[PDB]
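Peer 1: Once you've had a glance at the structure underneath, I'll fire off some questions.
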Amino acid sequence: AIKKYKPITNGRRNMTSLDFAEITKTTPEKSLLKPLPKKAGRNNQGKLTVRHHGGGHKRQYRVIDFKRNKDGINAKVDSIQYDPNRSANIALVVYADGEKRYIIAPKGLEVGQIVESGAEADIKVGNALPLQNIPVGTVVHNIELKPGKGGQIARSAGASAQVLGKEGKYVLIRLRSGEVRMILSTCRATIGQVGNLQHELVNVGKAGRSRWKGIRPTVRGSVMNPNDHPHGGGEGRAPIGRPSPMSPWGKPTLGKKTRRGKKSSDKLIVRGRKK
Amino acid sequence: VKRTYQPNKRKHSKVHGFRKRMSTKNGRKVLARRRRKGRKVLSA
Amino acid sequence: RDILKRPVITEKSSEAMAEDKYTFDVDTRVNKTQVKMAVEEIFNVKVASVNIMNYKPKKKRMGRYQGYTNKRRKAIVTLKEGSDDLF
RNA sequence: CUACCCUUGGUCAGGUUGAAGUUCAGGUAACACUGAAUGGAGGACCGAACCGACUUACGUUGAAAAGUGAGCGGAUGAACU
RNA sequence: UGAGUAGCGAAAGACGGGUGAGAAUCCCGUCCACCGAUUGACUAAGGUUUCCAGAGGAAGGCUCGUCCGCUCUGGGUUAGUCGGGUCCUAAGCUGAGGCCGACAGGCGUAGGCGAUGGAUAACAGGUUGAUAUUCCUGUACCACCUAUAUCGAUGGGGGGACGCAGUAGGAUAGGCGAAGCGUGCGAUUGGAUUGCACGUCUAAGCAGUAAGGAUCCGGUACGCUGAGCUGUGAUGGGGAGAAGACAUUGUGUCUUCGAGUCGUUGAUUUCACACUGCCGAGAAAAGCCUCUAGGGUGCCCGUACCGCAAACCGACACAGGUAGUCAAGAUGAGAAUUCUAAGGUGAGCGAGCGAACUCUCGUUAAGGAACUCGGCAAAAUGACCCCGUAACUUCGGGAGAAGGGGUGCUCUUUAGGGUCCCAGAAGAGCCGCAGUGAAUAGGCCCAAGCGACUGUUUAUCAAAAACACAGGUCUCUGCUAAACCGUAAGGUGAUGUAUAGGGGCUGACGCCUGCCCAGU
RNA sequence: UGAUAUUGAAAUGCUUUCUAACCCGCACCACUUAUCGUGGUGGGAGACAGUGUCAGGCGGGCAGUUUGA
């Protein structure tokens, strides 16, 4: 749900926030919180290596498990909680042995689920099975990429990726970006979509509200001096003035592909994207 | 008007002290260059 | 031992308290335990307590050539039986 | 000193406005609409400390290598230290 | 030389008596004047002997100096409990092995160092020229040692342990007006039911108290801790407005002796991140508790002094700058305004005269912006309580729109409120030129341009129509992501995963965004 | 971007397959109640990548200079 703020002032005029109606506990669970110190886009050399980062509100990392590796012990969901670090909420789940953990909350959850290796207690949201046990046409999330490493794909809020056919050792996944690729078949995955679907609709309202999430102002290269940015100088407002828009470090920044993300995985990717 | 020198003992001994100069390799050279001159204050 | 150097005979802060307290200049690397046992071994008294304070080297002594004095450490002892620890 | 950042502390007489929500009423199959209390939001309003430096007069071997007087802006925040 | 010329650094002093070779300038005194959310009191940096007493007057002091933050000679800093170490750890630095590298060396694991935070046993009064939870008196507290079932970790678990904003409450400190004591009862017309000034007192130890909450262990499922404040004593103690007794103004002073302490009214910015709400989701480790595997002793550093300043940063005894704690009375929203208290201060050149001219300040006939680039600058409005209030609008606003009225004191009657204190109605009357009688606190309106708004900037000629901005759009990026530093290791991105990250442009909101892919 | 070394084994120079090389900011175990590292096991990839010598192309991102009388 979405709260729409009334225009009592400029700044709060066209604003919008989340309702926070699915959030139950409203308090972090102790003994699963590890201290996180802000780095403000700074390298081990101490130099600003990523721009527009810095400042914000103090937070604390929640030790979440993306491995989901239990031998078939049950777990009753306790509460859905807020997490400052990600878009998705989290869910505190107590296993029937005594261990408590944090899961990424799939949409529509208070139920109680199983960390399976197959469809014994059948497929349904929250249940985390290896991929080969997952029927073709499901919508799964939190997919590993290498066995026993932990979920890496489809972890954001309102995220998902459905399983197309199989190939005996791999499966075909169509990721949220619009890509089709081959994933190893012994890779785990949870069922369902990820909740918090309204996170995209929020209008953050003012310039000091994006300022306490950890952002900093972004000067435009056209309002810089000719030795700072390739766009740089001139008299009056000047156009781009080159054959193509550049980045601040002298590379083309609009159109040109930069895919050196891997080469060994070029043979596994079947499609492009529709983004 | 705030001026350029605000004295402070910890910072002075932590930047220009003997241990700081005897710590790096171009600080041992500063000491070896101040000892040759005959200076009565090598580090402070 | 001879961890005691000198008696300190001053006007008020050594004679206005010489009803029971006796002040010395001592070595600069000693305790009040060392001095409390040294007085009792030298003079054969029972020393109730002892207070110590350090003095910085003053630059007062300046002739044609300016210089500093010695850093000095002064110890006051309060006796429980006996007397005559500076004449 | 100055610019950003990290960590961990500190300060912001007073006074005034009255958002969401709640609660009584009433109105409907109902939702849900009008009223009255309660509530106390906000890069909100006035204004000292505090932080600034818009106009002007003075000074210009200055009191001072950038200040003073009179007014002026913010003053719970993208604050100041 | 300029030339005995410019200046002598914000400001109230006057006289009396001393000392002395010499006095506006030094000491003592009375009157006057200034600050008093500070020029008063206490401390962190930083200075580093500048602090005190006795002497001095060559140089320093913007004059003088018999004086001093200056010269000489002797002194002054006292801790089991205060701030640091023998306890803990942020950020960061360092790093045995280790990885990378022409050399030098860069990075990094275990481990270590490290506060601005966490833990940790003492309070009143007296005393010196100079110390003061440190010395002394009184009363305490903690750790260890010796005499006359327990211990449980380097390991597990709990706690420690936390944001911002809003009111409602309990109690207290401090504030004031009567009574109760202790001194005074008069100048110049008057009075004597009159005028002043003081009211307590600690920690610790005992009571009771608003409020507020399937390793014996932890996790799964099937009356308890703490807690401001009060009170008995501690305290036949200490102190004190002052009172009576002793020698050289005993100036004064040592000395013993003995006095009140009661109830009430408002009320914290101190005493709970407690309770409620919100989104931006609010350190770590030890001390501590817990479960199992098993009559004495008490150390080192600081301590004086200045600390909005003549002692620190500004070359100066320099109108600037400098973190934090305390916070009186009348008036009031109030830490505003004016006058004062505690306490400090009279600013290191004066005496004349009262020209031109410059600077700061007050007033002005008649008119009124005519001045001039330009109503710049100044004047005008300004407080509270009542009526009243337009086009427009994103329905919040504009709006303190605009425009008007009231305001002192005395006396009468007269429903309030809190528990002496706070708030009102109406009527009758007195006065002057004047009633927020001083200080202080909006001028407003009619139209156009730019930028939506709060914010920021050329430290010392520019503060804006510039930058930022929420929102729009395009584009690279499938995770050892792209991008970036190094261009090695190692990192940020991110302990994130396409509703996510980097780059380019535009710049709230409303209506919209035409055509062309020659050519780069 | 190509040739050559590290670099092999097979079947129809180009193709397809295998695995021991080389690699894994993948999992588990031991040094060690660290995992930086080393090693050892399982999985993934596999003669490809990474790296060395040689060669062609883009390269105001950066450098040195020129721009007459």
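Within each chain, counting starts at residue 1; across the structure tokens, chains are named A, B, ... in the order shown, with ligands numbered 1 upward in that order.
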Per residue of chain D within 12 Å of chain B, record the nearest atom pair and its distance in Å to one decimal, counting only C-alpha atoms (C1' of nucleotides), with rows in chain order and ascending residue number, as JSON lines.

Peer 2:
```
{"residue": "D:1", "atom": "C1'", "partner": "B:4", "partner_atom": "CA", "distance": 3.9}
{"residue": "D:2", "atom": "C1'", "partner": "B:4", "partner_atom": "CA", "distance": 9.6}
{"residue": "D:64", "atom": "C1'", "partner": "B:1", "partner_atom": "CA", "distance": 10.0}
{"residue": "D:65", "atom": "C1'", "partner": "B:1", "partner_atom": "CA", "distance": 11.9}
{"residue": "D:66", "atom": "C1'", "partner": "B:1", "partner_atom": "CA", "distance": 9.5}
{"residue": "D:67", "atom": "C1'", "partner": "B:1", "partner_atom": "CA", "distance": 9.8}
```

Peer 1: Write out the residues from the selection above, keeping N, CA and C atoms (P, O5', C5', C4', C3', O3' and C1' of nucleotides), as a PDB file, in the first residue's frame.

Peer 2:
```pdb
ATOM      1  P     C D   1      43.007  23.171  11.580  1.00  0.00           P
ATOM      2  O5'   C D   1      43.177  24.335  10.520  1.00  0.00           O
ATOM      3  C5'   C D   1      43.178  25.694  10.905  1.00  0.00           C
ATOM      4  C4'   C D   1      43.203  26.583   9.692  1.00  0.00           C
ATOM      5  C3'   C D   1      42.146  26.303   8.646  1.00  0.00           C
ATOM      6  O3'   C D   1      40.895  26.886   8.967  1.00  0.00           O
ATOM      7  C1'   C D   1      44.243  26.596   7.611  1.00  0.00           C
ATOM      8  P     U D   2      39.526  26.137   8.615  1.00  0.00           P
ATOM      9  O5'   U D   2      39.626  25.855   7.064  1.00  0.00           O
ATOM     10  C5'   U D   2      39.256  26.856   6.136  1.00  0.00           C
ATOM     11  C4'   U D   2      39.343  26.363   4.718  1.00  0.00           C
ATOM     12  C3'   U D   2      38.519  25.139   4.395  1.00  0.00           C
ATOM     13  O3'   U D   2      37.167  25.459   4.147  1.00  0.00           O
ATOM     14  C1'   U D   2      40.695  24.842   3.574  1.00  0.00           C
ATOM     15  P     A D  64      47.015  47.657  13.599  1.00  0.00           P
ATOM     16  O5'   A D  64      46.285  46.399  12.950  1.00  0.00           O
ATOM     17  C5'   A D  64      46.178  45.160  13.675  1.00  0.00           C
ATOM     18  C4'   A D  64      45.249  44.196  12.975  1.00  0.00           C
ATOM     19  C3'   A D  64      45.624  43.855  11.533  1.00  0.00           C
ATOM     20  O3'   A D  64      46.216  42.580  11.341  1.00  0.00           O
ATOM     21  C1'   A D  64      43.285  44.450  11.738  1.00  0.00           C
ATOM     22  P     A D  65      47.585  42.470  10.519  1.00  0.00           P
ATOM     23  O5'   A D  65      47.101  42.133   9.041  1.00  0.00           O
ATOM     24  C5'   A D  65      46.729  43.182   8.126  1.00  0.00           C
ATOM     25  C4'   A D  65      46.195  42.596   6.842  1.00  0.00           C
ATOM     26  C3'   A D  65      45.563  41.214   6.993  1.00  0.00           C
ATOM     27  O3'   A D  65      44.142  41.114   6.962  1.00  0.00           O
ATOM     28  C1'   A D  65      47.179  41.271   5.187  1.00  0.00           C
ATOM     29  P     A D  66      43.451  39.814   7.610  1.00  0.00           P
ATOM     30  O5'   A D  66      41.887  40.062   7.468  1.00  0.00           O
ATOM     31  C5'   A D  66      41.263  41.203   8.039  1.00  0.00           C
ATOM     32  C4'   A D  66      39.969  41.536   7.342  1.00  0.00           C
ATOM     33  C3'   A D  66      39.016  40.365   7.119  1.00  0.00           C
ATOM     34  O3'   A D  66      37.668  40.811   7.260  1.00  0.00           O
ATOM     35  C1'   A D  66      39.540  41.358   5.052  1.00  0.00           C
ATOM     36  P     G D  67      36.630  39.994   8.171  1.00  0.00           P
ATOM     37  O5'   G D  67      36.479  40.873   9.484  1.00  0.00           O
ATOM     38  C5'   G D  67      37.513  40.934  10.447  1.00  0.00           C
ATOM     39  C4'   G D  67      37.580  42.287  11.111  1.00  0.00           C
ATOM     40  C3'   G D  67      36.263  42.920  11.504  1.00  0.00           C
ATOM     41  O3'   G D  67      35.706  42.373  12.683  1.00  0.00           O
ATOM     42  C1'   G D  67      37.626  44.538  10.483  1.00  0.00           C
TER      43        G D  67
END
```

Peer 1: For range 52-57 of chain D, find every residue with an atom within 10 Å (counting only C-alpha atoms (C1' of nucleotides)), except residues of its own chain fewer than 3 positions away, and show them as a list in words.

Peer 2: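 Once the nearby chain positions are removed, what remains is residues 69, 70, 71, 72, 73 and 74 of chain D; 359, 376, 377 and 463 of chain E.
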
Peer 1: Write the residues of the preceding selection, restricted to N, CA and C atoms (P, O5', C5', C4', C3', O3' and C1' of nucleotides), as a PDB file, in the first residue's frame.

Peer 2:
```pdb
ATOM      1  P     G D  69      30.687  45.931  15.961  1.00  0.00           P
ATOM      2  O5'   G D  69      29.896  47.230  15.491  1.00  0.00           O
ATOM      3  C5'   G D  69      29.904  48.417  16.267  1.00  0.00           C
ATOM      4  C4'   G D  69      29.113  49.522  15.610  1.00  0.00           C
ATOM      5  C3'   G D  69      27.692  49.188  15.205  1.00  0.00           C
ATOM      6  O3'   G D  69      26.798  49.238  16.297  1.00  0.00           O
ATOM      7  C1'   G D  69      28.754  50.393  13.470  1.00  0.00           C
ATOM      8  P     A D  70      25.528  48.268  16.349  1.00  0.00           P
ATOM      9  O5'   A D  70      24.555  48.851  15.236  1.00  0.00           O
ATOM     10  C5'   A D  70      24.131  50.205  15.255  1.00  0.00           C
ATOM     11  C4'   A D  70      23.332  50.548  14.022  1.00  0.00           C
ATOM     12  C3'   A D  70      22.336  49.502  13.557  1.00  0.00           C
ATOM     13  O3'   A D  70      21.125  49.497  14.288  1.00  0.00           O
ATOM     14  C1'   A D  70      23.578  50.254  11.714  1.00  0.00           C
ATOM     15  P     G D  71      20.481  48.098  14.735  1.00  0.00           P
ATOM     16  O5'   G D  71      20.224  47.323  13.369  1.00  0.00           O
ATOM     17  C5'   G D  71      18.909  47.101  12.882  1.00  0.00           C
ATOM     18  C4'   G D  71      18.810  47.430  11.415  1.00  0.00           C
ATOM     19  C3'   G D  71      18.461  46.287  10.482  1.00  0.00           C
ATOM     20  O3'   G D  71      17.096  45.929  10.465  1.00  0.00           O
ATOM     21  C1'   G D  71      20.301  47.405   9.611  1.00  0.00           C
ATOM     22  P     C D  72      16.703  44.378  10.450  1.00  0.00           P
ATOM     23  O5'   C D  72      17.464  43.796   9.186  1.00  0.00           O
ATOM     24  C5'   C D  72      16.880  43.833   7.896  1.00  0.00           C
ATOM     25  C4'   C D  72      17.653  42.978   6.924  1.00  0.00           C
ATOM     26  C3'   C D  72      17.522  41.474   7.093  1.00  0.00           C
ATOM     27  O3'   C D  72      16.339  40.941   6.529  1.00  0.00           O
ATOM     28  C1'   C D  72      19.784  42.022   6.892  1.00  0.00           C
ATOM     29  P     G D  73      15.771  39.525   7.020  1.00  0.00           P
ATOM     30  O5'   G D  73      16.775  38.458   6.410  1.00  0.00           O
ATOM     31  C5'   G D  73      16.465  37.772   5.210  1.00  0.00           C
ATOM     32  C4'   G D  73      17.211  36.468   5.107  1.00  0.00           C
ATOM     33  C3'   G D  73      16.819  35.389   6.098  1.00  0.00           C
ATOM     34  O3'   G D  73      15.638  34.698   5.736  1.00  0.00           O
ATOM     35  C1'   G D  73      19.164  35.558   6.023  1.00  0.00           C
ATOM     36  P     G D  74      14.751  33.969   6.852  1.00  0.00           P
ATOM     37  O5'   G D  74      15.612  32.694   7.250  1.00  0.00           O
ATOM     38  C5'   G D  74      15.973  31.711   6.291  1.00  0.00           C
ATOM     39  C4'   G D  74      16.916  30.684   6.872  1.00  0.00           C
ATOM     40  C3'   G D  74      16.468  30.001   8.145  1.00  0.00           C
ATOM     41  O3'   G D  74      15.520  28.972   7.950  1.00  0.00           O
ATOM     42  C1'   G D  74      18.691  30.684   8.394  1.00  0.00           C
TER      43        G D  74
ATOM     44  P     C E 359      32.150  63.392   6.781  1.00  0.00           P
ATOM     45  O5'   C E 359      32.506  62.513   8.049  1.00  0.00           O
ATOM     46  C5'   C E 359      33.325  61.364   7.936  1.00  0.00           C
ATOM     47  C4'   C E 359      33.437  60.663   9.261  1.00  0.00           C
ATOM     48  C3'   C E 359      32.126  60.413   9.981  1.00  0.00           C
ATOM     49  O3'   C E 359      31.461  59.252   9.520  1.00  0.00           O
ATOM     50  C1'   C E 359      33.660  61.375  11.480  1.00  0.00           C
ATOM     51  P     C E 376      15.904  53.065  -2.577  1.00  0.00           P
ATOM     52  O5'   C E 376      17.483  53.042  -2.784  1.00  0.00           O
ATOM     53  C5'   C E 376      18.308  52.134  -2.029  1.00  0.00           C
ATOM     54  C4'   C E 376      19.713  52.671  -1.882  1.00  0.00           C
ATOM     55  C3'   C E 376      20.116  53.016  -0.452  1.00  0.00           C
ATOM     56  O3'   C E 376      20.942  52.111   0.272  1.00  0.00           O
ATOM     57  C1'   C E 376      20.563  54.847  -1.970  1.00  0.00           C
ATOM     58  P     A E 377      20.447  51.596   1.714  1.00  0.00           P
ATOM     59  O5'   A E 377      20.610  52.878   2.646  1.00  0.00           O
ATOM     60  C5'   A E 377      21.911  53.402   2.966  1.00  0.00           C
ATOM     61  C4'   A E 377      21.794  54.774   3.585  1.00  0.00           C
ATOM     62  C3'   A E 377      20.875  54.872   4.803  1.00  0.00           C
ATOM     63  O3'   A E 377      21.423  54.955   6.112  1.00  0.00           O
ATOM     64  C1'   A E 377      20.410  56.612   3.188  1.00  0.00           C
ATOM     65  P     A E 463      27.271  39.284  -4.343  1.00  0.00           P
ATOM     66  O5'   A E 463      25.718  39.122  -4.655  1.00  0.00           O
ATOM     67  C5'   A E 463      25.255  38.264  -5.712  1.00  0.00           C
ATOM     68  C4'   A E 463      24.687  36.996  -5.127  1.00  0.00           C
ATOM     69  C3'   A E 463      24.259  37.081  -3.662  1.00  0.00           C
ATOM     70  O3'   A E 463      22.843  36.931  -3.548  1.00  0.00           O
ATOM     71  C1'   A E 463      25.614  35.124  -4.108  1.00  0.00           C
TER      72        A E 463
END
```

Peer 1: Ranking E:218, E:321, E:57, E:17 by minimum distance to chain B and counting only C-alpha atoms (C1' of nucleotides), which one comes first?

Peer 2: E:321

Peer 1: Considering only C-alpha atoms (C1' of nucleotides), give me a table of residues in chain A that are at most 8 Å from chain F, with the closest atom pair and distance in Å for each, as a Markdown table.

Peer 2:
```
| residue | atom | partner | partner_atom | distance |
| --- | --- | --- | --- | --- |
| A:146 | CA | F:26 | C1' | 6.1 |
| A:147 | CA | F:26 | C1' | 6.7 |
| A:148 | CA | F:27 | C1' | 5.6 |
| A:149 | CA | F:26 | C1' | 6.1 |
| A:249 | CA | F:61 | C1' | 7.0 |
| A:250 | CA | F:61 | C1' | 5.5 |
| A:251 | CA | F:61 | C1' | 7.8 |
| A:264 | CA | F:49 | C1' | 7.5 |
```

Peer 1: Write to file, as a compact mmCIF listing (two decimals), in the first residue's frame, the residues of the selection just made, with N, CA and C atoms.

Peer 2:
```
# COMPACT_ATOMS: atom_id res chain seq x y z
N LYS A 146 26.47 -21.16 -8.82
CA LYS A 146 27.38 -22.27 -8.59
C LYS A 146 26.93 -23.05 -7.36
N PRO A 147 27.02 -24.38 -7.38
CA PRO A 147 26.41 -25.19 -6.33
C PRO A 147 26.97 -24.90 -4.94
N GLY A 148 26.07 -24.78 -3.97
CA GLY A 148 26.45 -24.57 -2.60
C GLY A 148 27.03 -23.22 -2.29
N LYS A 149 26.85 -22.23 -3.17
CA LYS A 149 27.45 -20.93 -2.95
C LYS A 149 26.47 -19.97 -2.29
N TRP A 249 35.74 10.19 -17.80
CA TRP A 249 37.07 9.63 -18.01
C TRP A 249 37.32 9.33 -19.48
N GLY A 250 36.63 10.04 -20.37
CA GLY A 250 36.91 10.03 -21.79
C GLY A 250 36.53 8.78 -22.56
N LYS A 251 35.43 8.13 -22.19
CA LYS A 251 34.93 7.00 -22.94
C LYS A 251 33.52 7.30 -23.43
N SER A 264 34.01 -17.30 -20.30
CA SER A 264 33.63 -18.69 -20.11
C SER A 264 32.12 -18.88 -20.06
```

Peer 1: Which one of C:4, C:50, C:18, C:76 sits closest to residue 32 in chain C if you count only C-alpha atoms?

Peer 2: C:50

Peer 1: Residues of chain E near chain A: apply a cut-off of 9 Å, count only C-alpha atoms (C1' of nucleotides), and supply the list as number ranges by chain.

Peer 2: E: 163, 214, 219-221, 280-284, 394, 396-397, 453-455, 467-471, 474-486, 490-493, 495-500, 502-505, 508-509, 520

Peer 1: Could you please select, counting only C-alpha atoms (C1' of nucleotides), the residues of chain E within 9 Å of chain C and state them as a list in words?

Peer 2: residues 49, 75, 76, 77, 78, 79, 128, 299 and 300 of chain E

Peer 1: Deliver the residues from the most recent selection as a file, using N, CA, C and O atoms (P, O5', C5', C4', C3', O3' and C1' of nucleotides), as a PDB file, in the first residue's frame.

Peer 2:
```pdb
ATOM      1  P     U E  49      58.652  29.160  31.503  1.00  0.00           P
ATOM      2  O5'   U E  49      58.439  29.750  32.954  1.00  0.00           O
ATOM      3  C5'   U E  49      57.644  30.902  33.162  1.00  0.00           C
ATOM      4  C4'   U E  49      57.352  31.072  34.622  1.00  0.00           C
ATOM      5  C3'   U E  49      58.569  30.964  35.525  1.00  0.00           C
ATOM      6  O3'   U E  49      58.375  31.782  36.678  1.00  0.00           O
ATOM      7  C1'   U E  49      57.048  29.246  36.050  1.00  0.00           C
ATOM      8  P     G E  75      65.291  28.565  49.276  1.00  0.00           P
ATOM      9  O5'   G E  75      63.857  28.771  48.628  1.00  0.00           O
ATOM     10  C5'   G E  75      62.795  27.880  48.909  1.00  0.00           C
ATOM     11  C4'   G E  75      61.522  28.635  49.175  1.00  0.00           C
ATOM     12  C3'   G E  75      60.238  27.936  48.783  1.00  0.00           C
ATOM     13  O3'   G E  75      59.807  26.986  49.738  1.00  0.00           O
ATOM     14  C1'   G E  75      60.195  30.148  47.989  1.00  0.00           C
ATOM     15  P     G E  76      59.228  25.575  49.251  1.00  0.00           P
ATOM     16  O5'   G E  76      57.876  25.949  48.510  1.00  0.00           O
ATOM     17  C5'   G E  76      56.671  26.146  49.226  1.00  0.00           C
ATOM     18  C4'   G E  76      55.558  26.542  48.297  1.00  0.00           C
ATOM     19  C3'   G E  76      55.103  25.487  47.309  1.00  0.00           C
ATOM     20  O3'   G E  76      54.216  24.538  47.859  1.00  0.00           O
ATOM     21  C1'   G E  76      55.439  27.503  46.175  1.00  0.00           C
ATOM     22  P     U E  77      54.500  22.988  47.626  1.00  0.00           P
ATOM     23  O5'   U E  77      53.580  22.593  46.396  1.00  0.00           O
ATOM     24  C5'   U E  77      52.172  22.500  46.521  1.00  0.00           C
ATOM     25  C4'   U E  77      51.548  21.897  45.289  1.00  0.00           C
ATOM     26  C3'   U E  77      52.068  20.512  44.897  1.00  0.00           C
ATOM     27  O3'   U E  77      51.013  19.746  44.316  1.00  0.00           O
ATOM     28  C1'   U E  77      52.325  21.977  43.101  1.00  0.00           C
ATOM     29  P     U E  78      49.741  19.284  45.164  1.00  0.00           P
ATOM     30  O5'   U E  78      49.961  17.729  45.385  1.00  0.00           O
ATOM     31  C5'   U E  78      51.240  17.131  45.238  1.00  0.00           C
ATOM     32  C4'   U E  78      51.521  16.117  46.323  1.00  0.00           C
ATOM     33  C3'   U E  78      50.304  15.380  46.870  1.00  0.00           C
ATOM     34  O3'   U E  78      50.718  14.108  47.360  1.00  0.00           O
ATOM     35  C1'   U E  78      51.320  16.561  48.603  1.00  0.00           C
ATOM     36  P     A E  79      50.485  12.754  46.536  1.00  0.00           P
ATOM     37  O5'   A E  79      48.982  12.370  46.863  1.00  0.00           O
ATOM     38  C5'   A E  79      48.633  11.745  48.095  1.00  0.00           C
ATOM     39  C4'   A E  79      47.297  11.055  48.008  1.00  0.00           C
ATOM     40  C3'   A E  79      47.287   9.797  47.155  1.00  0.00           C
ATOM     41  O3'   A E  79      46.214   8.959  47.577  1.00  0.00           O
ATOM     42  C1'   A E  79      45.890  11.388  46.177  1.00  0.00           C
ATOM     43  P     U E 128      44.531  30.738  57.598  1.00  0.00           P
ATOM     44  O5'   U E 128      45.900  30.733  56.788  1.00  0.00           O
ATOM     45  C5'   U E 128      47.137  30.545  57.457  1.00  0.00           C
ATOM     46  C4'   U E 128      48.261  30.292  56.486  1.00  0.00           C
ATOM     47  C3'   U E 128      48.482  31.361  55.425  1.00  0.00           C
ATOM     48  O3'   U E 128      49.290  32.426  55.900  1.00  0.00           O
ATOM     49  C1'   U E 128      48.487  29.208  54.426  1.00  0.00           C
ATOM     50  P     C E 299      50.964   3.315  47.557  1.00  0.00           P
ATOM     51  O5'   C E 299      51.886   3.512  46.286  1.00  0.00           O
ATOM     52  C5'   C E 299      53.096   2.783  46.189  1.00  0.00           C
ATOM     53  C4'   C E 299      53.444   2.428  44.768  1.00  0.00           C
ATOM     54  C3'   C E 299      53.446   3.566  43.769  1.00  0.00           C
ATOM     55  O3'   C E 299      54.614   4.362  43.836  1.00  0.00           O
ATOM     56  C1'   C E 299      52.313   1.722  42.850  1.00  0.00           C
ATOM     57  P     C E 300      54.561   5.910  43.432  1.00  0.00           P
ATOM     58  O5'   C E 300      54.578   5.897  41.851  1.00  0.00           O
ATOM     59  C5'   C E 300      55.752   5.584  41.121  1.00  0.00           C
ATOM     60  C4'   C E 300      55.500   5.741  39.649  1.00  0.00           C
ATOM     61  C3'   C E 300      55.058   7.125  39.222  1.00  0.00           C
ATOM     62  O3'   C E 300      56.131   8.021  39.038  1.00  0.00           O
ATOM     63  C1'   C E 300      53.576   5.544  38.332  1.00  0.00           C
TER      64        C E 300
END
```

Peer 1: Determine, counting only C-alpha atoms (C1' of nucleotides), which protein, DNA and RNA residues have an atom within 10 Å of an atom of residue 33 in chain B; residues of the same chain fewer than 6 positions away are not included. Present the result as a ChimeraX atom specification.

Peer 2: /B:27,39,42

Peer 1: For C1' of residue 380 in chain E and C1' of residue 58 in chain D, quote the distance in Å rounded to one decimal.

Peer 2: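 Result for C1' of residue 380 in chain E versus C1' of residue 58 in chain D: 26.2 Å, one decimal.
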
Peer 1: Name the residues of range 15-195 of chain A that fall into strand (DSSP E) according to DSSP on the backbone, using the chain letters and numbers of this document, as number ranges by chain.

Peer 2: A: 16-18, 33-35, 60-62, 74-81, 90-95, 100-104, 113-114, 128-130, 139-141, 161-166, 170-174, 180-184, 188-191

Peer 1: At a cut-off of 9 Å, using only C-alpha atoms (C1' of nucleotides), what residues contact range 5-16 of chain F? Leave out same-chain residues fewer than 6 positions from it and give the result as a list in words.

Peer 2: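 What passes the distance filter is residues 22, 47, 51, 52 and 53 of chain F.
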
Peer 1: Please identify all polymer residues within 12 Å of residue 382 in chain E, counting only C-alpha atoms (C1' of nucleotides), omitting same-chain residues fewer than 6 positions from it, and present them as a ChimeraX atom specification.

Peer 2: /E:400,436,440-443

Peer 1: Show me, as a list in words, the residues that have an atom within 12 Å of residue 20 in chain C when counting only C-alpha atoms (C1' of nucleotides), minus same-chain residues fewer than 4 positions from it.

Peer 2: residues 14, 15, 16, 45, 46, 47, 48, 49, 50, 76, 77, 78, 79, 80, 81, 82, 83, 84, 85 and 86 of chain C

Peer 1: Please report as a tab-separated table every residue of chain E lying within 9 Å of chain B, along with the nearest atom pair and their distance in Å (one decimal), using only C-alpha atoms (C1' of nucleotides).

Peer 2:
```
residue	atom	partner	partner_atom	distance
E:45	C1'	B:8	CA	7.6
E:46	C1'	B:7	CA	6.4
E:104	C1'	B:25	CA	8.9
E:312	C1'	B:7	CA	8.9
E:313	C1'	B:6	CA	6.0
E:314	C1'	B:3	CA	6.9
E:320	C1'	B:1	CA	5.5
E:321	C1'	B:1	CA	4.7
E:322	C1'	B:2	CA	8.9
```
